[PDB]
Amino acid sequence: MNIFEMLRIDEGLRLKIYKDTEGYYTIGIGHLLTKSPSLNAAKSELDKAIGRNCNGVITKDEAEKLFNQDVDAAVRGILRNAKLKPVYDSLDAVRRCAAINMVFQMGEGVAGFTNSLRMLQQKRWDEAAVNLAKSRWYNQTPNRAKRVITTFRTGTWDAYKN
Ligand SMILES: Fc1ccc(Br)cc1
């Protein structure tokens with residue numbers, strides 16, 4: 001298991017524009033297109049992202065390329081963020097995947113997790129897991145949040161093999 005396999009499980013793969021759990025136009029492996037209610041606005045974002053006139057549909061290769069870019073953008077954003085980088089650098093590789101997963105889903109949205117981040121940096125895993133669940137994130141996407149939290153709690157891939 002690695003971050004790509006983990007997020008592919010959590011996000012799925014759809015080749016036509018769909019709506020995410022918040023109702024926002026998305027495509028591929030969880031690539032947000034726009035928060036605007038305009039499907040035309042979403043289609044414009046898609047064409048700009050892919051570099052051709054897509055009509056709201058992409059190939060698997062294109063979805064995977066966008067996904068690689070999106071994962072990289074999450075990582076580089078963590079590394080540029082003075083709050084997130086020290087915590088990220090304190091984690092082992094499996095827990096770093098859980099961190100990238102959260103940033104991918106909510107963006108640098110993670111700003112409200114100051115207390116969780118402190119517990120993670122202190123390696124107080126059970127306490128961090130309890131704190132992470134006291135969130136809109138957990139209440140709105142509980143199965144995905146439970147998998148990510150279990151990854152932080154245990155440092156294993158058990159939630160994704162199960
Ligand atoms: F760098 C980090 C980003 C997000 C989390 Br959650 C933990 C560390």
# chains A, B, ... in the order shown; residues from 1 in each chain; ligands from 1
>>> closest_atom_pairs(of="range 20-63 of chain A", to="range 97-112 of chain A", cutoff="12 Å", atoms="only C-alpha atoms", output="CSV")
residue,atom,partner,partner_atom,distance
A:20,CA,A:105,CA,10.5
A:21,CA,A:105,CA,10.6
A:22,CA,A:105,CA,11.1
A:29,CA,A:104,CA,10.9
A:30,CA,A:105,CA,8.4
A:31,CA,A:104,CA,9.3
A:32,CA,A:105,CA,9.5
>>> write_last_selection(atoms="N, CA and C atoms", output="PDB file, in the first residue's frame")
ATOM      1  N   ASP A  20     -19.279  15.339  -5.880  1.00  0.00           N
ATOM      2  CA  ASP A  20     -18.670  14.758  -4.689  1.00  0.00           C
ATOM      3  C   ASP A  20     -19.684  14.717  -3.546  1.00  0.00           C
ATOM      4  N   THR A  21     -19.226  14.313  -2.358  1.00  0.00           N
ATOM      5  CA  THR A  21     -20.129  14.186  -1.217  1.00  0.00           C
ATOM      6  C   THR A  21     -20.697  15.523  -0.763  1.00  0.00           C
ATOM      7  N   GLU A  22     -20.066  16.640  -1.130  1.00  0.00           N
ATOM      8  CA  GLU A  22     -20.557  17.971  -0.808  1.00  0.00           C
ATOM      9  C   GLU A  22     -21.418  18.560  -1.917  1.00  0.00           C
ATOM     10  N   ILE A  29     -10.294  10.608 -10.202  1.00  0.00           N
ATOM     11  CA  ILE A  29     -10.044  10.085  -8.866  1.00  0.00           C
ATOM     12  C   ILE A  29     -10.160  11.255  -7.892  1.00  0.00           C
ATOM     13  N   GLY A  30     -11.386  11.729  -7.701  1.00  0.00           N
ATOM     14  CA  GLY A  30     -11.640  12.801  -6.759  1.00  0.00           C
ATOM     15  C   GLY A  30     -11.055  14.155  -7.116  1.00  0.00           C
ATOM     16  N   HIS A  31     -10.935  14.485  -8.403  1.00  0.00           N
ATOM     17  CA  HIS A  31     -10.410  15.795  -8.791  1.00  0.00           C
ATOM     18  C   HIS A  31     -11.532  16.830  -8.764  1.00  0.00           C
ATOM     19  N   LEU A  32     -11.508  17.730  -7.779  1.00  0.00           N
ATOM     20  CA  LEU A  32     -12.495  18.805  -7.717  1.00  0.00           C
ATOM     21  C   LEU A  32     -12.331  19.735  -8.911  1.00  0.00           C
TER      22      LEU A  32
END
>>> residues_near_ligand(ligand="ligand 1", cutoff="10 Å", atoms="only C-alpha atoms and all ligand atoms", output="JSON, numbers by chain")
{"A": [74, 75, 76, 77, 78, 79, 80, 81, 82, 83, 84, 85, 86, 87, 88, 89, 90, 91, 95, 96, 97, 98, 99, 100, 101, 102, 103, 104, 106, 107, 108, 109, 110, 111, 113, 114, 116, 117, 118, 119, 120, 121, 128, 132, 148, 149, 152]}
>>> select_by_dssp(residues="range 28-122 of chain A", states="strand (DSSP E or B)", output="NGL selection string")
:A and (28 or 31-34 or 57)
>>> closest_residue(among="A:15, A:124, A:4, A:55", to="residue 69 in chain A", atoms="only C-alpha atoms")
A:4
>>> closest_residue(among="A:5, A:10, A:127, A:45", to="residue 143 in chain A", atoms="only C-alpha atoms")
A:10
